[PDB]
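These notes are about the structure you will find just below.
Numbered from 1 within each chain, the chains take letters A, B, ... in sequence-line order.
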Amino acid sequence: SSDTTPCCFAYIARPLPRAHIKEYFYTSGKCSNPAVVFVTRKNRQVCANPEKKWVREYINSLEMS
Amino acid sequence: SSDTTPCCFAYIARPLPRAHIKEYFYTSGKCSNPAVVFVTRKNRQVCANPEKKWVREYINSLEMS
Amino acid sequence: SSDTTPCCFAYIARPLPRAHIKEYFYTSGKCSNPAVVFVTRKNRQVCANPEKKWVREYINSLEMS
Amino acid sequence: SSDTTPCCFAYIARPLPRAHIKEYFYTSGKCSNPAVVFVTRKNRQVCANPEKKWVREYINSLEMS
Amino acid sequence: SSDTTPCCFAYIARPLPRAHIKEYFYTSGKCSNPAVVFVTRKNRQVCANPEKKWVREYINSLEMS
Amino acid sequence: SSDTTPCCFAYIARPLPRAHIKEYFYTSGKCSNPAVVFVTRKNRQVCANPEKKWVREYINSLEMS
Amino acid sequence: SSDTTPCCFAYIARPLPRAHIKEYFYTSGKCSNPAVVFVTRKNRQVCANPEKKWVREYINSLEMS
Amino acid sequence: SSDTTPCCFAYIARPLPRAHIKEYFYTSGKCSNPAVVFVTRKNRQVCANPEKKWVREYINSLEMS
Amino acid sequence: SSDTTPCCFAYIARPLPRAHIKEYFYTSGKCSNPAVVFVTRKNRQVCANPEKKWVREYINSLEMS
Ligand SMILES: OC[C@H]1O[C@@H](O)[C@H](O)[C@@H](O)[C@@H]1O
Ligand SMILES: OC[C@H]1O[C@@H](O)[C@H](O)[C@@H](O)[C@@H]1O
Ligand SMILES: OC[C@H]1O[C@@H](O)[C@H](O)[C@@H](O)[C@@H]1O
Ligand SMILES: OC[C@H]1O[C@@H](O)[C@H](O)[C@@H](O)[C@@H]1O
Ligand SMILES: OC[C@H]1O[C@@H](O)[C@H](O)[C@@H](O)[C@@H]1O
Ligand SMILES: *[C@H]1O[C@H](CO)[C@H](O)[C@H](O)[C@H]1O
Ligand SMILES: *[C@H]1O[C@H](CO)[C@H](O)[C@H](O)[C@H]1O
Ligand SMILES: *[C@H]1O[C@H](CO)[C@H](O)[C@H](O)[C@H]1O
Ligand SMILES: *[C@H]1O[C@H](CO)[C@H](O)[C@H](O)[C@H]1O
Ligand SMILES: *[C@H]1O[C@H](CO)[C@H](O)[C@H](O)[C@H]1O
Ligand SMILES: *[C@H]1O[C@H](CO)[C@H](O)[C@H](O)[C@H]1O
Ligand SMILES: [Cl-]
Ligand SMILES: [Cl-]
Ligand SMILES: [Cl-]
Ligand SMILES: [Cl-]
Ligand SMILES: [Cl-]
Ligand SMILES: [Cl-]
Ligand SMILES: [Cl-]
Ligand SMILES: [Cl-]
Ligand SMILES: [Cl-]
Ligand SMILES: [Cl-]
Ligand SMILES: [Cl-]
Ligand SMILES: [Cl-]
Ligand SMILES: [Cl-]
Ligand SMILES: [Cl-]
Ligand SMILES: [Cl-]
Ligand SMILES: [Cl-]
Ligand SMILES: [Cl-]
Ligand SMILES: [Cl-]
Ligand SMILES: [Cl-]
Ligand SMILES: [Cl-]
């Protein structure tokens, strides 16, 4: 186990393919920049802006299943 | 006693969507900071500030179902 | 994923059986108390005193295996 | 790969066993808090304060082979 | 470990042979240009245009397997 | 050209010790931020601000021997 | 080794025009005085003090071309 | 070859004909007075003040071909 | 014209073939090491030990021709 925290300082511009996304998570509140991280099936991890529509829709899609 | 207990040391500013939350709990009073943790349908866990209005509203909504 | 942190507030009195320990970790520096956590074969987390000899020996055993 | 960055927001107080440490690294400059992360043989990861003598000594020990 | 980031400034013209791709990832959101990087079996990183059909199909192939 | 190139988007404030640096290089002029990367004996890589006095002193020392 | 190497034993105070410089190099570390030599388009060669701010500004500019 | 250095201790006031100049050079930093030497086709050599505009313009003209 | 000075830090071991030598000169008194430089027909500069008999004979040959 690790004491480090994953933070984001920038976001991807174009929406990654929804079908590739395995899960998501909100970055810690200690992070200076609020962000969402999408995790793909092969464990690519992409920082996303929670203020974006497609990001919110993706999260909504993941939770409601 | 000797079991770990979850503590929060910060809160994200942006409120997570009410419809995603399935339950909540208070962190132990032994923690340095008072906190509420919202658990989502997919078991994402977010620390929240109990002194915030929207947090209170969420808890009320969760309790009054 | 969760942004809560496993913190300890008490140390186990009786040394755990070594053959039950599958792994260990140090609690975050965010926690007010320094602590070692052992994870058992049954995935239970047990806080232990970092200064105790058996604790240091278990850790050294786990790392040097 | 991932575009999240490991950040530290607190430091361990007690020096961890030098012999357990496999490597170290400096956290990114994006991180609000400057830190050093020690990585053990079994990949425990511990945040450390680079302004501490034992931390600097450990780093010196690691890089000088 | 390094705090530099792999960024792209040009996209390969000829589609890479699929059988040589062993991994992909998206460049950080910090990079000025959006890009897809394919990692070859010879461990070389190749920038590709995210909009190109063969690029999206390669990614989709890599994630769904 | 289709190869990725290292870019820096921040610098740690605390100068790493001169003695563990074995080499340096400038990031591509295509990067949004001008930067120097110091490579340690154990191949840690740290982004540095070329406009800083200590960075230039280090480079001079590395190149004058 | 038996070949001569250029050394500098002083520096002109007034910085030469940046636009005139096409390249630069460090004198050998064997030279008693550390120095940078700027080479103009018409191949004039001027000794410069590497500890000067404008000199490192020039070098940085020449590198992030 | 010679280890004497050409130095200037005064400057011409009247600008010499640009078309007569085939080259220029900065006097060494060893010289007490910073200066520019213009060399004519028939190898007349004139000391000039680099702080004067016409001198700078002449140099700029020579370097930029 | 250049502000740098040709200095030597090593003496050639095998005496140059006399017929290859075009001219000679003494390195500046500014150089930390005394030396003789022979200029070859191919316009290369070779540092030589000023104490060696063959060096002094070559110089004597060149001056008394
Ligand atoms: O990864 C989430 C949590 O991990 C802990 O190790 C860190 O100390 C916390 O600050 C963080 O919120
Ligand atoms: O790739 C690793 C990370 O290094 C950090 O320094 C950067 O802020 C990130 O943008 C980058 O993704
Ligand atoms: O002008 C080209 C210059 O390149 C440098 O690397 C050499 O040390 C100089 O001797 C040479 O004059
Ligand atoms: O590593 C950067 C290199 O850039 C070249 O242009 C310089 O002449 C070298 O002195 C330098 O080492
Ligand atoms: O230092 C001795 C002198 O020798 C001459 O050849 C150089 O042009 C001067 O710059 C130098 O100062
Ligand atoms: C790492 O340690 C345990 C798992 O061993 C737990 O998930 C903690 O939350 C994490 O920091
Ligand atoms: C969420 O949990 C930890 C951090 O909380 C880590 O990044 C995991 O990869 C992710 O699933
Ligand atoms: C992860 O992706 C590649 C490796 O595949 C690279 O090392 C980057 O540094 C990281 O983002
Ligand atoms: C250093 O590289 C990345 C971050 O730069 C990651 O945390 C690795 O685990 C570490 O060794
Ligand atoms: C004179 O000697 C050689 C030419 O033979 C060289 O140019 C030196 O720089 C100069 O002092
Ligand atoms: C510049 O080179 C030497 C001195 O550096 C000499 O004066 C020449 O005449 C000039 O062209
Ligand atoms: Cl965005
Ligand atoms: Cl899914
Ligand atoms: Cl609900
Ligand atoms: Cl409020
Ligand atoms: Cl606590
Ligand atoms: Cl004991
Ligand atoms: Cl500390
Ligand atoms: Cl080691
Ligand atoms: Cl941060
Ligand atoms: Cl150190
Ligand atoms: Cl960039
Ligand atoms: Cl393209
Ligand atoms: Cl296409
Ligand atoms: Cl070194
Ligand atoms: Cl230029
Ligand atoms: Cl620059
Ligand atoms: Cl004048
Ligand atoms: Cl001309
Ligand atoms: Cl010298
Ligand atoms: Cl001899």
Is [X] atom [atom1] crowded by more than 12 heavy atoms from other residues, nucleotides or ligands, each under 6.0 Å away?
X        : atom1 : value
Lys52(G) : NZ    : no
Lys22(I) : NZ    : yes
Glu51(G) : CD    : no

*Considering all heavy atoms of both residues, which atom of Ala10(G) and which atom of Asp3(I) are nearest to each other, and what is their separation?*
O-OD2, 4.1 Å
*asked:* Given heavy-atom pairs under 4.5 angstrom as the criterion, report whether the side chain, backbone, both or neither of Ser1(I) touches chain G.
replied: backbone
_If I measure from the heavy atoms of chain G, does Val46(I) come under 4.5 Å with its side chain, its backbone, both, or neither?_
both
_Taking the side chain as everything from C-beta on, heavy atoms only, tell me whether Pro6(I) gets closer than 4.5 Å to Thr5(G)._
no
*Out of curiosity, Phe9(G) CZ to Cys31(I) SG, how far, rounded to the nearest 0.5 Å?*
4.5 Å
*Measuring from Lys30(I):NZ to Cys7(G):SG, what's the distance to the nearest 0.5 Å?*
12.0 Å
